[PDB]
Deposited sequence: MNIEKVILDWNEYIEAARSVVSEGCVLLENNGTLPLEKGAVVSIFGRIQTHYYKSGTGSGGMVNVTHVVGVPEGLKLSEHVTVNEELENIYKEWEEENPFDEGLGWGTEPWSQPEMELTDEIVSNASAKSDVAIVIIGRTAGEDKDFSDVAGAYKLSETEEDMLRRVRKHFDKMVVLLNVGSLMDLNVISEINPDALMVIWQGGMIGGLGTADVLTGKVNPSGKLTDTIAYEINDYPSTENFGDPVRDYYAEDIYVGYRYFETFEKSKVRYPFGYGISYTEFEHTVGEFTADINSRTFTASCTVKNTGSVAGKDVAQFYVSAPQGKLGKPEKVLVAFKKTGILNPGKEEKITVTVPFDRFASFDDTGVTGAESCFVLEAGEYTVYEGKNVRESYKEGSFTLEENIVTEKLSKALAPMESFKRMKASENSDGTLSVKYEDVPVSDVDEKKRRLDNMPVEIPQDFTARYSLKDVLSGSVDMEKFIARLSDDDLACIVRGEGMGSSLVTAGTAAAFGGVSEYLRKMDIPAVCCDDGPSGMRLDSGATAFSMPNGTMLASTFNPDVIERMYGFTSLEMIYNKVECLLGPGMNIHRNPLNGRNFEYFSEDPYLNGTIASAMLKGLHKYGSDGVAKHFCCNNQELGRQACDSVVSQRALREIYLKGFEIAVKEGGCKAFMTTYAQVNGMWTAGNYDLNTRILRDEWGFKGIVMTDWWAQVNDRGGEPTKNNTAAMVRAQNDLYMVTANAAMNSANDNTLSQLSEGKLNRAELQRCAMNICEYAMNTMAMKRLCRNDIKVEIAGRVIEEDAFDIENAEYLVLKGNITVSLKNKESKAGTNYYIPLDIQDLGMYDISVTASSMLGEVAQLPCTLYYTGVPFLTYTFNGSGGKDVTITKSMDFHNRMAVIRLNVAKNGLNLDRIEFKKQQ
């Protein structure tokens, strides 16, 4: 019915803006920005093979061209590149080709001589050294040379360059952070994390290097001096089982509370080519509305224009539960401020952003989010460490922000960290026993069993009749036979011929009988950083998740994914398999590149920005992996043992925000276990928490060929009855859904009364309600958006 232009040049520009807001300047003595007309020598072999993404499902976007850093600098017309040094690298690389693997964390560095380095210095004004790292799916990052540490030849390179150049810039082309101890010690003039910026990364990076854009990126994780300083390191890296003993004390929640001196760069840290002054302003609280309102003014007090981020933190009273010193509750990035100009920033913060989950009952409100009695102090500033008192208010009694239930609780006891108040008025870590679950799972499922809809194969309503409002969804679903029900819970793929070639899955109209009811085939495709088309078809490769999050700018993120929204329609992809939004529990997790933060509020807010983007033209995202997939090693069977409180405040919280702020209507579960069973068959996760408590209205799908089990039972890839009993609606994926290619147990379990028809009907109703609002339904109804690409 309607045509829309996808302007490719504006798509490039939107993505380019994200890159130039997401680079994080850590150190600078004034060597950056690069001066007009300067000649730069670029060191590091990885300069020729810019890491545009990490590896795995989320790093297989095909493109015709990648603008690396050298090319980005030449295109700027602000500097020139030393062409002799480039040719040394190019010629060396013909003998030492880029290893593709399985793909390694890094490439072997070219050894440098005194002659090469000395001659480059004579013919250039500044050295740029690029250190490259990638990482991803199934391969965790490791505390060794070539991975988290510099390799020996990389260190040599840096020391030579330092010696022969008095102007030296180090750039980290990395998916996740690496060791900064040796780099800091070598002490370059400027240090910037440039992440992996997709196919136009070099353009946006050139913008900040040349000063066309002033750096305004901030860290989404705390950088500590050693891997052993991180509170999760003790309990990370075990393929069988890991106890989340740090509990709520993840990242800056640990460091700012217990170990300030172990931090090199705090959460939210990043600098600019200008300087800013944050002046605390008016503060009011509204206890009856459960909000406070806080103002401050940010002023550019330096000599060049730039943006800054105002970050707001709450210190809750320790009470009986114990608390982190500071938790992030709001942030706002300024517009571009000219020298001597300023911007007033006001935030309204609901109490639920700094509530605590009582999993012991010590507050008198077990299984509730609560604010304990005491003094709440609010802080504003440039990062968590440099945040200063904005206001305060005191509660004489507990406030229950929300009543919940005992759900997804641990099945075995373990000791967790506890904030303990010393005689000094300081806080130390002590340990306490996590209570074990007393939930009767059998009874919970039976007491909440949905009502069966009597089947009726004569009255043949269409899914169009449900969409129009002509009939109830219940009235429609009655025509599905047991074959139809068994079939509709199966995703078909990879590369099902019902949808665009080379994508992840088709679902909904996966049989002739389902298609006859006007259930369309809905197409899923990886990934957060752009469409992965295994046909070889090209698509936009966008910056990695961590770079997105480092913008601290929901609007710039949403703008870019508004273009992705149209591109998906163009390719007839309805469901992009992102955002990835598992918490950065440990820096060594391989997939941190396509996730956002150690902080759940930032995590959810960035995820929600992406989803709003995709929703612009009616496309959609699938939040993943729900939940606690914070480790790649052992991910087919690993058991994350974690408290309710840690789940409610940290790991689930981002996903909750995705539902309630982001309008998320599609979730993906994990390959692994949380509290002693696989996530795909967990009732508490997929029904109790997600639907009954949060009000999610949508679909849940498995991760691709994930295992499912009943608690205590053996894991398999075809226990779909366990999956449907949990209200995980879709098994992803089978070669042929109509033929039950996986030989699943849906019908045999239904035959034996161990699976109720009502449970199948519930899943089928979720699938159909989702499917009828997709662009694939619009194509059947002939009221879809037609997209045309301009600017190529």
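Residues of the deposited sequence lacking C-alpha coordinates, numbered from 1, fall in the stretches 1 to 2, 104 to 107, 799 to 921.
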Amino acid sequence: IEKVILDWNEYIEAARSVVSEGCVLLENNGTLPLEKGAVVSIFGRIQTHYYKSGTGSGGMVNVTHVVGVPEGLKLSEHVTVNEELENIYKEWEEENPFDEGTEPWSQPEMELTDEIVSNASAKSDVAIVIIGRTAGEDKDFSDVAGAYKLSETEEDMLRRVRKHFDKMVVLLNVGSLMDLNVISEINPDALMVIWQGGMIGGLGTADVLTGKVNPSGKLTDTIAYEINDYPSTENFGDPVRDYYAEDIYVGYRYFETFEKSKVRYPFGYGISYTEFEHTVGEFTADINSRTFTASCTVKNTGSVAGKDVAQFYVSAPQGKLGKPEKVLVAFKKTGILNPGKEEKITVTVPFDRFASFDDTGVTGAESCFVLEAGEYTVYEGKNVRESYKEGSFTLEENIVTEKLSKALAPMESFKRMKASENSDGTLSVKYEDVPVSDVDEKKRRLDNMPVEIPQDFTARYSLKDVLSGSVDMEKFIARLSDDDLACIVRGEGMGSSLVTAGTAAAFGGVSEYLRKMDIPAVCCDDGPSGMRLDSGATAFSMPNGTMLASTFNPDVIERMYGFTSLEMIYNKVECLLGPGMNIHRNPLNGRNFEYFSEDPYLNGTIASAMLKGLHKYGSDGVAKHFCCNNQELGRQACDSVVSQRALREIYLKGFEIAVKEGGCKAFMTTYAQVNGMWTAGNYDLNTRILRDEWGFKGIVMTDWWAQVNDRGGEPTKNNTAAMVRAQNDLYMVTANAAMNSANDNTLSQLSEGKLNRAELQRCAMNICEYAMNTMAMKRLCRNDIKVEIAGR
From here on, numbers count along this sequence of modelled residues.
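As recorded in the PDB entry, 134 to 142 is the stretch of 499 to 507 and 134 to 142 with the greater mean C-alpha temperature factor.
The PDB entry reports B-factors from which the mean C-alpha value can be compared for 459 to 467 and 616 to 624; the larger average falls on 459 to 467.
Across 196, 311, 187, 682, the entry's maximum B-factor at the CA atom is seen for 187. For the set 687, 550, 423, 544, the PDB entry assigns the largest Cα B-factor to 423. Per-chain ranking of the deposited C-alpha B factor places residue 441 in the highest third. Split the chain's modelled residues into thirds by C-alpha temperature factor. Residue 752 is in the highest one. In the deposited entry, the Cα temperature factor of residue 780 places it in the highest third of its chain's modelled residues.
Per the deposited record, the Cα B-factor of residue 418 falls in the highest third when ranked against the other modelled residues of its chain.
In this PDB entry, the Cα temperature factor of residue 656 sits in the bottom third of its chain's modelled residues, the lowest group.
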